[PDB]
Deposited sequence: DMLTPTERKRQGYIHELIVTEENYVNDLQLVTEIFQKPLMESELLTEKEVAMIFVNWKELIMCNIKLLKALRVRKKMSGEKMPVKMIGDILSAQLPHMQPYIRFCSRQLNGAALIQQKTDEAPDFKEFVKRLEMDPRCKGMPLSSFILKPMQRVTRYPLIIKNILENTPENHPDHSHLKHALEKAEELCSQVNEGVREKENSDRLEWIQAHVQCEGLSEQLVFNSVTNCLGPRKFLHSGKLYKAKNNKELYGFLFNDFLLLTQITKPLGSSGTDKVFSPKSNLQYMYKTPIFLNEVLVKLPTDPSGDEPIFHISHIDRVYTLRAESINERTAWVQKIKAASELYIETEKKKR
């Protein structure tokens, strides 16, 4: 060996990379064997529901088995009790094949909620799942905990690679590859993080699309689609809000291209529990709106819509300055982006 504290730390972290990859891939395959197949054959869930829980678990398995095999080949090549000289080239080449994690993590939460809902609304489901978990290979952890491993794995590669890199000197043949791998691993986490954000936004828009009455607009509002010139519509904010003038009872939703005012029609912001709201006037687009407050005498929260004016009152100091903040920011960004047409 003749390894210095630093050289030994390097090998140790490379050893940990490999052992944790073995345990990870082992756990991925365990889930398919003891949870996925039994649940699909159970007739407790529709194909749609099983897929909502496991999404593309199969792709994750294929993807990591390819990484493990390459790690094992390099380990064997390295030698019995010999130090692995290079590992970064494998990581650097493999990380880009991990796009499947974006889809999985962006949809897993809705799978967890489904499991929970089924667990509570049905004694059969809860019991069956407990029985599947009794397999000693689960080591006492439930299904919902294994579903977390893919996100945990991607968010951990940067950590492992970083520890390996920090104990790898500048002129070592593995230094550049590890610097590259670290970057790929970080970009990957970032893409998975954004994919989750983009999917949450898409789900919020789909919700609204089925709970807001947009009666006759001569165009039929499709919330989850692209805006005129800002890209896909993005949900920005909502929280009720009545006019200090006229009457009250108005719930509004702010998007990147327009502010929607509606009315809570009765016989929870978001949730599988029904609720309907009717649109107010015409959606007010941010490219033709103004926002000023009336704290310092100059008002009477004010919002101007080319040849109209809406006095609107919030609920708190935190929410008032909130709509102002967002409406103004979103509006100005719309302005700029628009100043690039014709």
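- The deposited chain is incompletely modelled, with C-alpha atoms absent over 268-274, 308-310.
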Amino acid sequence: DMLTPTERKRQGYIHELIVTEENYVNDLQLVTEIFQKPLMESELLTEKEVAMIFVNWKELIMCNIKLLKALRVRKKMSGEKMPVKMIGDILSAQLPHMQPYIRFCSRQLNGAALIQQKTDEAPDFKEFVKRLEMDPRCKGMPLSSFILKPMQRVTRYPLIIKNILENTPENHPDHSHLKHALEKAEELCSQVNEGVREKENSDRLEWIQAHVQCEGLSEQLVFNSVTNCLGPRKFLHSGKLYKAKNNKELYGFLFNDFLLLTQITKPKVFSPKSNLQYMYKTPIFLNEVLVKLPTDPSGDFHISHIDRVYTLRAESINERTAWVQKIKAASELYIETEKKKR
From here on, numbers count along this sequence of modelled residues.
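- Looking at mean Cα B-factors across 67-75 and 200-208, the upper value is held by 200-208.
- If you average the C-alpha B-factors over 17-25 and over 320-328, the higher value belongs to 320-328.
- Residue-level inspection of the entry shows that, of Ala244, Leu178, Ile147, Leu95, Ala244 has the top Cα B-factor.
- Out of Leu60, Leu293, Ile53, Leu30, it is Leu293 whose C-alpha atom has the highest B-factor in the PDB entry.
- When the CA B factors of the chain's modelled residues are split into thirds, the value for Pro83 lands in the middle one.
- Placement of the Cα temperature factor of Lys248 within the chain: highest third of the modelled residues, per the deposited record.
- The deposited CA B-factor of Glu215 belongs to the highest third of values across its chain.
- In the deposited entry, the Cα temperature factor of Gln108 sits in the middle third of values across the chain's modelled residues.
- The entry lists a Cα temperature factor for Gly239 that places it in the highest third of the chain's modelled residues.
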